[PDB]
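S.K.: Here it is, the structure, as structure tokens.
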Amino acid sequence: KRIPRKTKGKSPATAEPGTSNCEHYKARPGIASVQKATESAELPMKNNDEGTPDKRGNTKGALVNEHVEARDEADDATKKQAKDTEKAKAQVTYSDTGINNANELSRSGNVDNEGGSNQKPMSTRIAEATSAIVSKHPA
Amino acid sequence: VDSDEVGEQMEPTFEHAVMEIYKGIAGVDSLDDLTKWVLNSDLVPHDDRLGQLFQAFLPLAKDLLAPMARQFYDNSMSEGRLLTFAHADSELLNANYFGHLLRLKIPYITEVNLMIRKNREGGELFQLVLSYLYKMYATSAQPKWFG
């Protein structure tokens with residue numbers, strides 16, 4: 001009973017002759033090592049929620065070109081790979097491969113869902129567009 | 001002369017100075033997390049992580065321990081002949097030690113004593129990682145049989 005949430009959300013009987021444990025078995029592949037490797041590889045995939053609206057309607061993310069996004073993310077993945085393998089230069093690189101990939105894109109906060117730029121947040125666009133209609137009481 | 005004497009005579013003592021080494025790492029946040037990030041579920045730590053830790057441990061040993069020892073061993077040499085111990089020949093070589101430099105070695109597995117003994121500063125895992133660092137600061141040469 002009373003399972004809490006995790007996200008704010010709102011709207012004669014002697015000893016039997018067979019039981020014992022002392023020693024005399026060590027798992028060869030390594031139970032703790034395999035267990036840690038499983039713990040590592042068990043993690044859910046990352047959430048890439050850029051270019052998606054907030055609740056107010058403003059697409060979340062940084063303001064820079066999508067190709068720059070792709071290159072920066074490839075570089076960041078290479079750097080994180082180098083850190084994970086504990087070397088100054090990563091061996092499995094995602095950037096500066098032999099392939100020409102100059103047409104690749106990604107999802108930044110620069111473009112909204114209409115296809116237009118994101119120089120202004122949608123709240124600001126809507127507010128300015130609605131401000132050009134309001135009248136007032138006569139003097 | 002005990003092996004710890006040259007490191008104990010400092011306001012932050014040497015082992016206390018190296019206990020704060022986990023701040024330089026990319027992220028550890030605690031000495032126990034350092035001992036867990038270094039060697040896995042037995043000894044024989046990860047060589048890459050041990051290297052990342054040694055690159056920080058070294059400047060503490062070249063800039064503090066060597067200058068302090070260069071004066072301590074002179075003060076000791078002034079007041080008579082003494083039999084002095086150390087944890088690595090580099091300690092007696094960097095700090096310019098005068099006398100006979102006898103490397104030595106024992107017929108046991110020294111790494112298990114670091115778990116048997118209890119009341120040492122920092123966890124037993126920290127004493128052991130410290131021993132690994134000294135062993136990595138060792139300038140390979142024949143230890144030649146303490147007997």
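Residues in the structure tokens are numbered from 1 in each chain, the chains being A, B, ... in the order shown, and ligands are numbered from 1 in the order shown.
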Could you write out as a list in words the residues of chain A within 12 Å of chain B, counting only C-alpha atoms?
M.R.: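 Filtering chain A at 12 Å from chain B with only C-alpha atoms gives residues 30, 31, 32, 33, 34, 35, 36, 37, 82, 83, 84, 85, 86, 87 and 88 of chain A.
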S.K.: Output N, CA, C and O atoms for every residue in that selection, as a PDB file, in the first residue's frame.
M.R.:
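Once written, part_14.pdb looks like this:
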ATOM      1  N   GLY A  30      33.889 -15.201 -14.369  1.00  0.00           N
ATOM      2  CA  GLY A  30      33.918 -14.074 -13.461  1.00  0.00           C
ATOM      3  C   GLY A  30      32.538 -13.505 -13.236  1.00  0.00           C
ATOM      4  O   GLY A  30      32.037 -12.725 -14.053  1.00  0.00           O
ATOM      5  N   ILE A  31      31.916 -13.876 -12.118  1.00  0.00           N
ATOM      6  CA  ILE A  31      30.529 -13.494 -11.897  1.00  0.00           C
ATOM      7  C   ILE A  31      30.412 -11.986 -11.702  1.00  0.00           C
ATOM      8  O   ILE A  31      29.544 -11.341 -12.299  1.00  0.00           O
ATOM      9  N   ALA A  32      31.317 -11.390 -10.922  1.00  0.00           N
ATOM     10  CA  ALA A  32      31.249  -9.952 -10.684  1.00  0.00           C
ATOM     11  C   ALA A  32      31.572  -9.163 -11.945  1.00  0.00           C
ATOM     12  O   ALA A  32      30.943  -8.135 -12.221  1.00  0.00           O
ATOM     13  N   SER A  33      32.544  -9.631 -12.728  1.00  0.00           N
ATOM     14  CA  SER A  33      32.915  -8.931 -13.954  1.00  0.00           C
ATOM     15  C   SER A  33      31.781  -8.967 -14.970  1.00  0.00           C
ATOM     16  O   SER A  33      31.428  -7.938 -15.564  1.00  0.00           O
ATOM     17  N   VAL A  34      31.204 -10.151 -15.190  1.00  0.00           N
ATOM     18  CA  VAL A  34      30.071 -10.269 -16.101  1.00  0.00           C
ATOM     19  C   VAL A  34      28.900  -9.438 -15.601  1.00  0.00           C
ATOM     20  O   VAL A  34      28.169  -8.826 -16.389  1.00  0.00           O
ATOM     21  N   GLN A  35      28.714  -9.391 -14.283  1.00  0.00           N
ATOM     22  CA  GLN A  35      27.617  -8.633 -13.700  1.00  0.00           C
ATOM     23  C   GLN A  35      27.793  -7.139 -13.943  1.00  0.00           C
ATOM     24  O   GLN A  35      26.833  -6.443 -14.292  1.00  0.00           O
ATOM     25  N   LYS A  36      29.019  -6.634 -13.801  1.00  0.00           N
ATOM     26  CA  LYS A  36      29.271  -5.222 -14.072  1.00  0.00           C
ATOM     27  C   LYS A  36      29.103  -4.901 -15.553  1.00  0.00           C
ATOM     28  O   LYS A  36      28.564  -3.844 -15.906  1.00  0.00           O
ATOM     29  N   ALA A  37      29.573  -5.788 -16.434  1.00  0.00           N
ATOM     30  CA  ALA A  37      29.395  -5.556 -17.865  1.00  0.00           C
ATOM     31  C   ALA A  37      27.915  -5.521 -18.236  1.00  0.00           C
ATOM     32  O   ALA A  37      27.486  -4.689 -19.049  1.00  0.00           O
ATOM     33  N   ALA A  82      36.811   8.409 -26.471  1.00  0.00           N
ATOM     34  CA  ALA A  82      38.180   8.479 -25.968  1.00  0.00           C
ATOM     35  C   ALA A  82      38.204   8.422 -24.449  1.00  0.00           C
ATOM     36  O   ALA A  82      39.043   7.733 -23.855  1.00  0.00           O
ATOM     37  N   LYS A  83      37.279   9.129 -23.803  1.00  0.00           N
ATOM     38  CA  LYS A  83      37.211   9.083 -22.345  1.00  0.00           C
ATOM     39  C   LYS A  83      36.839   7.688 -21.851  1.00  0.00           C
ATOM     40  O   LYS A  83      37.400   7.205 -20.862  1.00  0.00           O
ATOM     41  N   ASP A  84      35.903   7.024 -22.531  1.00  0.00           N
ATOM     42  CA  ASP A  84      35.469   5.701 -22.090  1.00  0.00           C
ATOM     43  C   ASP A  84      36.575   4.667 -22.249  1.00  0.00           C
ATOM     44  O   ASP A  84      36.695   3.750 -21.428  1.00  0.00           O
ATOM     45  N   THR A  85      37.385   4.786 -23.298  1.00  0.00           N
ATOM     46  CA  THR A  85      38.490   3.856 -23.498  1.00  0.00           C
ATOM     47  C   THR A  85      39.772   4.311 -22.814  1.00  0.00           C
ATOM     48  O   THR A  85      40.784   3.611 -22.900  1.00  0.00           O
ATOM     49  N   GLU A  86      39.751   5.463 -22.141  1.00  0.00           N
ATOM     50  CA  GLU A  86      40.864   5.915 -21.304  1.00  0.00           C
ATOM     51  C   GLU A  86      42.137   6.127 -22.122  1.00  0.00           C
ATOM     52  O   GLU A  86      43.214   5.645 -21.774  1.00  0.00           O
ATOM     53  N   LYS A  87      42.007   6.876 -23.215  1.00  0.00           N
ATOM     54  CA  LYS A  87      43.136   7.208 -24.070  1.00  0.00           C
ATOM     55  C   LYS A  87      43.056   8.680 -24.442  1.00  0.00           C
ATOM     56  O   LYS A  87      41.996   9.303 -24.367  1.00  0.00           O
ATOM     57  N   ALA A  88      44.198   9.238 -24.847  1.00  0.00           N
ATOM     58  CA  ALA A  88      44.207  10.632 -25.279  1.00  0.00           C
ATOM     59  C   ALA A  88      43.452  10.803 -26.589  1.00  0.00           C
ATOM     60  O   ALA A  88      42.771  11.815 -26.792  1.00  0.00           O
TER      61      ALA A  88
END
S.K.: Rounded to one decimal place, report the atom CA of residue 64 of chain A-atom CA of residue 124 of chain A distance in Å.
M.R.: 19.3 Å
S.K.: Which residues are near residue 146 of chain B? Cut-off 9 Å, only C-alpha atoms, ignore same chain within fewer than 3 positions. Put them as number ranges by chain.
M.R.: B: 102-107, 143
S.K.: Take the residues from that selection and put them in a file with N, CA and C atoms, as a CSV table (one decimal), in the first residue's frame.
M.R.:
chain,number,residue,atom,x,y,z
B,102,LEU,N,70.7,0.1,-0.8
B,102,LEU,CA,70.5,-1.3,-1.0
B,102,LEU,C,69.0,-1.5,-1.2
B,103,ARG,N,68.6,-1.9,-2.5
B,103,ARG,CA,67.3,-2.3,-2.7
B,103,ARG,C,67.1,-3.7,-2.1
B,104,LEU,N,65.8,-4.0,-1.8
B,104,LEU,CA,65.6,-5.2,-1.0
B,104,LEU,C,64.2,-5.7,-1.4
B,105,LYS,N,63.9,-7.0,-1.0
B,105,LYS,CA,62.6,-7.6,-1.4
B,105,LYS,C,62.4,-8.8,-0.4
B,106,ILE,N,61.1,-9.1,-0.2
B,106,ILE,CA,60.7,-10.2,0.8
B,106,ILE,C,60.1,-11.3,0.1
B,107,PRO,N,60.2,-12.6,0.6
B,107,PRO,CA,59.7,-13.7,-0.1
B,107,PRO,C,58.2,-13.9,0.0
B,143,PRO,N,65.6,-6.0,-7.0
B,143,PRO,CA,65.5,-5.8,-5.5
B,143,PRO,C,66.4,-6.6,-4.7
S.K.: Step one, run DSSP on the backbone; step two, keep only residues of segment 19-134 of chain A assigned to alpha helix (DSSP H); then write them as a PyMOL selection string.
M.R.: chain A and resi 31-41+66-85+122-131
S.K.: Keeping only N, CA and C atoms, write the selected residues to a file as a compact mmCIF listing (two decimals), in the first residue's frame.
M.R.:
# COMPACT_ATOMS: atom_id res chain seq x y z
N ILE A 31 31.92 -13.88 -12.12
CA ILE A 31 30.53 -13.49 -11.90
C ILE A 31 30.41 -11.99 -11.70
N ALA A 32 31.32 -11.39 -10.92
CA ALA A 32 31.25 -9.95 -10.68
C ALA A 32 31.57 -9.16 -11.95
N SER A 33 32.54 -9.63 -12.73
CA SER A 33 32.92 -8.93 -13.95
C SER A 33 31.78 -8.97 -14.97
N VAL A 34 31.20 -10.15 -15.19
CA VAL A 34 30.07 -10.27 -16.10
C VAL A 34 28.90 -9.44 -15.60
N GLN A 35 28.71 -9.39 -14.28
CA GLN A 35 27.62 -8.63 -13.70
C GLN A 35 27.79 -7.14 -13.94
N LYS A 36 29.02 -6.63 -13.80
CA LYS A 36 29.27 -5.22 -14.07
C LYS A 36 29.10 -4.90 -15.55
N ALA A 37 29.57 -5.79 -16.43
CA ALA A 37 29.39 -5.56 -17.86
C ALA A 37 27.92 -5.52 -18.24
N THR A 38 27.12 -6.41 -17.64
CA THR A 38 25.68 -6.40 -17.87
C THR A 38 25.06 -5.11 -17.36
N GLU A 39 25.46 -4.68 -16.16
CA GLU A 39 24.95 -3.42 -15.61
C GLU A 39 25.25 -2.26 -16.55
N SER A 40 26.44 -2.24 -17.14
CA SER A 40 26.78 -1.18 -18.08
C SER A 40 25.91 -1.23 -19.32
N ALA A 41 25.84 -2.40 -19.97
CA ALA A 41 25.12 -2.51 -21.24
C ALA A 41 23.61 -2.52 -21.08
N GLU A 66 21.87 22.83 -38.55
CA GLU A 66 21.70 21.40 -38.32
C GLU A 66 22.95 20.62 -38.73
N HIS A 67 23.62 21.04 -39.79
CA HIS A 67 24.87 20.38 -40.17
C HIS A 67 25.95 20.61 -39.12
N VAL A 68 26.01 21.83 -38.57
CA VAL A 68 26.90 22.10 -37.45
C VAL A 68 26.53 21.22 -36.27
N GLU A 69 25.23 21.00 -36.06
CA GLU A 69 24.78 20.06 -35.03
C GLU A 69 25.37 18.68 -35.25
N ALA A 70 25.27 18.17 -36.47
CA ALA A 70 25.76 16.82 -36.76
C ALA A 70 27.25 16.72 -36.53
N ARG A 71 28.01 17.72 -37.00
CA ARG A 71 29.46 17.68 -36.81
C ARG A 71 29.83 17.77 -35.34
N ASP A 72 29.18 18.67 -34.60
CA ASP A 72 29.48 18.82 -33.18
C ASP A 72 29.15 17.55 -32.41
N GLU A 73 28.05 16.90 -32.77
CA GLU A 73 27.65 15.68 -32.06
C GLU A 73 28.58 14.52 -32.40
N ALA A 74 29.05 14.44 -33.65
CA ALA A 74 30.07 13.45 -33.98
C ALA A 74 31.34 13.68 -33.18
N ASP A 75 31.78 14.94 -33.07
CA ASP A 75 32.97 15.25 -32.30
C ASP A 75 32.79 14.90 -30.83
N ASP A 76 31.62 15.22 -30.27
CA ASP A 76 31.36 14.90 -28.87
C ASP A 76 31.33 13.40 -28.64
N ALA A 77 30.77 12.64 -29.58
CA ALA A 77 30.77 11.19 -29.45
C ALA A 77 32.18 10.63 -29.50
N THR A 78 33.03 11.18 -30.38
CA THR A 78 34.42 10.73 -30.43
C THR A 78 35.14 11.04 -29.12
N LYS A 79 34.92 12.23 -28.56
CA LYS A 79 35.58 12.58 -27.31
C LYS A 79 35.12 11.70 -26.17
N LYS A 80 33.81 11.43 -26.10
CA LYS A 80 33.31 10.53 -25.06
C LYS A 80 33.83 9.12 -25.24
N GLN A 81 34.01 8.67 -26.49
CA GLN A 81 34.62 7.37 -26.73
C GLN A 81 36.05 7.34 -26.22
N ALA A 82 36.81 8.41 -26.47
CA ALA A 82 38.18 8.48 -25.97
C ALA A 82 38.20 8.42 -24.45
N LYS A 83 37.28 9.13 -23.80
CA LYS A 83 37.21 9.08 -22.34
C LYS A 83 36.84 7.69 -21.85
N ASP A 84 35.90 7.02 -22.53
CA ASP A 84 35.47 5.70 -22.09
C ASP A 84 36.58 4.67 -22.25
N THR A 85 37.38 4.79 -23.30
CA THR A 85 38.49 3.86 -23.50
C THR A 85 39.77 4.31 -22.81
N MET A 122 7.95 31.05 -29.97
CA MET A 122 6.59 31.07 -30.49
C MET A 122 5.67 31.89 -29.60
N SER A 123 5.94 31.92 -28.29
CA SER A 123 5.20 32.81 -27.42
C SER A 123 5.36 34.26 -27.87
N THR A 124 6.58 34.65 -28.24
CA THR A 124 6.83 36.02 -28.65
C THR A 124 6.18 36.32 -29.99
N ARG A 125 6.30 35.39 -30.95
CA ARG A 125 5.62 35.57 -32.24
C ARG A 125 4.12 35.76 -32.04
N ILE A 126 3.49 34.86 -31.28
CA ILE A 126 2.04 34.93 -31.08
C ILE A 126 1.65 36.20 -30.35
N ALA A 127 2.43 36.60 -29.34
CA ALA A 127 2.10 37.80 -28.59
C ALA A 127 2.18 39.04 -29.47
N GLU A 128 3.23 39.14 -30.28
CA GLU A 128 3.35 40.29 -31.17
C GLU A 128 2.24 40.29 -32.22
N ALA A 129 1.84 39.12 -32.71
CA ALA A 129 0.80 39.07 -33.72
C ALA A 129 -0.57 39.39 -33.13
N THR A 130 -0.80 39.04 -31.87
CA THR A 130 -2.07 39.37 -31.22
C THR A 130 -2.09 40.79 -30.70
N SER A 131 -0.93 41.42 -30.53
CA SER A 131 -0.90 42.80 -30.05
C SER A 131 -1.35 43.79 -31.11
